[PDB]
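**Q** As given, the protein sequences belong to chains A and A', one line each in that order. A prime marks a further copy of an entry chain.
Using the authors' numbering, the first residue of the first sequence is number 0, and each one after it goes up by one.
Using the authors' numbering, the first residue of the second sequence is number 0, and each one after it goes up by one.
From the three backbone atoms N, C-alpha and C, an ideal C-beta is built for every residue, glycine too.
Number of protein chains: 2
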Amino acid sequence: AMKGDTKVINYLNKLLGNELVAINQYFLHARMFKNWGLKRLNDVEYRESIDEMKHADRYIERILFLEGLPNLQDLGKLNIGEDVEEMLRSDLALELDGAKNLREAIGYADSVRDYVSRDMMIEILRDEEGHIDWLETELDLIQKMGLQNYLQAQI
Amino acid sequence: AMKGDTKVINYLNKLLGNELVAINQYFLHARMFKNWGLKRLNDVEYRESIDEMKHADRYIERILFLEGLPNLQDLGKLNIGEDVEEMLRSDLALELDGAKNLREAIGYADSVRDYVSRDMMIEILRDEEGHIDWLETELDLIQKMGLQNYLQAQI
Ligand SMILES: [Fe+3]
Ligand SMILES: [Fe+3]
Ligand SMILES: [Fe+3]
Ligand SMILES: [Fe+3]
């Protein structure tokens, strides 16, 4: 019914890619956390991978509605941590860069008056910023407490 | 309780990577098929992504049990098709190469007498070969019938 802007489509595909990587990374990390007996951390990672799945859905829906083609695009490795701090750091690196990409896209969607795409991305960004926030606190505590002291209060 | 062979672990991580890519690709393709009104094709792609998820689980379980670390490793783009034939071809390219990697790994697991890893991979290979087979038939029919004639008998 309506072919959308092609740079918007190109942005949506870039963001979709970000989500797929986030999905795979939190799936792995969640399983590693669980293997260690860190219920709380596994719980949040697991639910996060579910959310990112949901974002990915929204993105694909939107590309298809705009008569665009899903088109990844080199996702890019992929930094599975070897300890909790490392894992959370890679996660936060992924999230921050994702948020950036979202902010640029939202800008461009608005310039070209794709308010539907813009508003969808804004809703998603809000989600991103909450997890970013959560992540920055955990890493703060590991810093302040020390990784071992931090873990043991999880257990 | 038991640190496993490190080349086996390295192989398991390579195969895990293959699964993650397969998961992301069939998730996308399944959604594209569905957007076109191809219930049967979407149904099989969707269920396939579920299976590959299950393989990924088995792999991560096994790496963790062998005191190995999940470690991807450049997944590699990623070839989303633009029509059904193209999509199925990319899928089959992915599957065949995956099967190959499995066969090498199974060989090596057996040489070093990791029968548990070997047997797990054999079970997985059997799954791979069935979908490969299914895929080779669909592509045969598209060839014999022509893509349009093929589709319309789906609908
Ligand atoms: Fe997201
Ligand atoms: Fe997020
Ligand atoms: Fe598989
Ligand atoms: Fe398969």
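1. Beta-carbon within less than 7 Å of residue 47/A's beta-carbon, same chain only, minus the 5 sequence neighbours each way: which residues are those?
2. With a threshold of 8 Å (Cβ to nearest heavy atom), would residue 145/A be considered close to ligand 4?
3. To the nearest angstrom, how far is the alpha carbon of residue 126/A' from that of residue 111/A?
4. Please state whether the Cβ-Cβ distance between residue 87/A and residue 77/A' is less than 9 Å.
5. Which parts of the stretch 19 to 72 of chain A are runs of the alpha helix (DSSP H), unbroken and 4 residues or longer, counting only runs that do not cross its ends?
6. For ligand 3, list every residue whose C-beta falls under 6 Å from any of its heavy atoms, going in chain order.
7. Which chain A' residues are close to residue 59/A, counting only those with a beta carbon under 9 Å from its beta carbon?
8. Tell me the residue span of the alpha helix (DSSP H) that contains residue 0/A.
9. Compute the minimum distance between the beta carbon of residue 67/A and the heavy atoms of ligand 2, and state whether it is under 8 Å.
10. Just verifying my parser: in three-state terms, what is the DSSP assignment at residue 111/A'?
11. Rounded to whole angstroms, what's the CA-CA distance from residue 63/A' to residue 34/A? Just pull it up for me.
12. Can you look up residue 79/A' in the DSSP assignment and give me helix, strand or coil?
13. Residue 93/A' and residue 41/A' - do their beta-carbons sit closer together than 9 Å?
14. CB residue 37/A' to CB residue 84/A', shorter than 9 Å?
15. Would residue 65/A count as contacting chain A' if we go by Cβ distances under 9 Å?
16. Are at least three pairs of beta-carbons, each pair with one atom in the stretch 142 to 150 of chain A and one in the stretch 2 to 15 of chain A', less than 8 Å apart?
17. Just checking: is the beta-carbon of residue 56/A' within a distance shorter than 9 Å of some beta-carbon in chain A?
**A** Taking the geometry as given:
1. Counted from its first residue, the first sequence places residue 47/A at position 48. So the qualifying residues of the chain are 25, 130.
2. Counted from its first residue, the first sequence places residue 145/A at position 146. Not one heavy atom of ligand 4 sits closer than 8 Å to the Cβ of residue 145/A.
3. Position 127 of the second sequence, counted from the first residue, corresponds to residue 126/A'. Position 112 of the first sequence, counted from the first residue, corresponds to residue 111/A. When rounded, the distance between both Cα atoms is 47 Å.
4. Within the first sequence, residue 87/A is the residue found at index 88, counting from 1. Within the second sequence, residue 77/A' is the residue found at index 78, counting from 1. It is not a contact, given that the beta carbons lie outside the stated cut-off.
5. Runs of the alpha helix (DSSP H) inside the stretch 19 to 72 of chain A: 38 to 64.
6. Qualifying residues, in the order they occur: 18/A', 21/A', 51/A', 54/A', 123/A', 127/A'.
7. Taking the first sequence and counting its residues from 1, one reaches residue 59/A at position 60. Here the neighbours are 26, 27, 30, 31, 34.
8. Position 1 of the first sequence, counting from 1, holds the residue named residue 0/A. Annotation: residue 0/A is outside any alpha helix (DSSP H) and is labelled neither H nor E by DSSP.
9. The count along the first sequence starts at 1 and reaches residue 67/A at position 68. It does not: the Cβ of residue 67/A is nowhere closer than 8 Å to a heavy atom of ligand 2.
10. For the purposes of this step, residue 111/A' is taken as the residue at position 112 of the second sequence. In the structure shown, residue 111/A' sits in coil (DSSP, three-state: anything other than H, G, I, E or B).
11. Within the second sequence, numbered from 1, the residue matching residue 63/A' stands at position 64. Within the first sequence, numbered from 1, the residue matching residue 34/A stands at position 35. Going by the C-alpha atoms only, they are around 7 Å apart.
12. Taking the second sequence and counting its residues from 1, the one referred to as residue 79/A' is at position 80. Residue 79/A': coil per DSSP, three-state reduction.
13. Walking along the second sequence from the start, residue 41/A' turns up at place 42. Walking along the second sequence from the start, residue 93/A' turns up at place 94. Cβ atoms of residue 41/A' and residue 93/A': not closer than 9 Å.
14. The residue given as residue 37/A' occupies position 38 in the second sequence. The residue given as residue 84/A' occupies position 85 in the second sequence. At a Cβ-Cβ threshold of 9 Å, residue 37/A' and residue 84/A' do not count as neighbours.
15. For the purposes of this step, residue 65/A is taken as the residue at position 66 of the first sequence. No, residue 65/A does not count as interfacial toward chain A'.
16. Contact fails between the stretch 142 to 150 of chain A and the stretch 2 to 15 of chain A', because fewer than three Cβ pairs, one in each stretch, are under 8 Å apart.
17. Against the second sequence, residue 56/A' aligns to sequence position 57. By this cut-off, residue 56/A' is an interface position.
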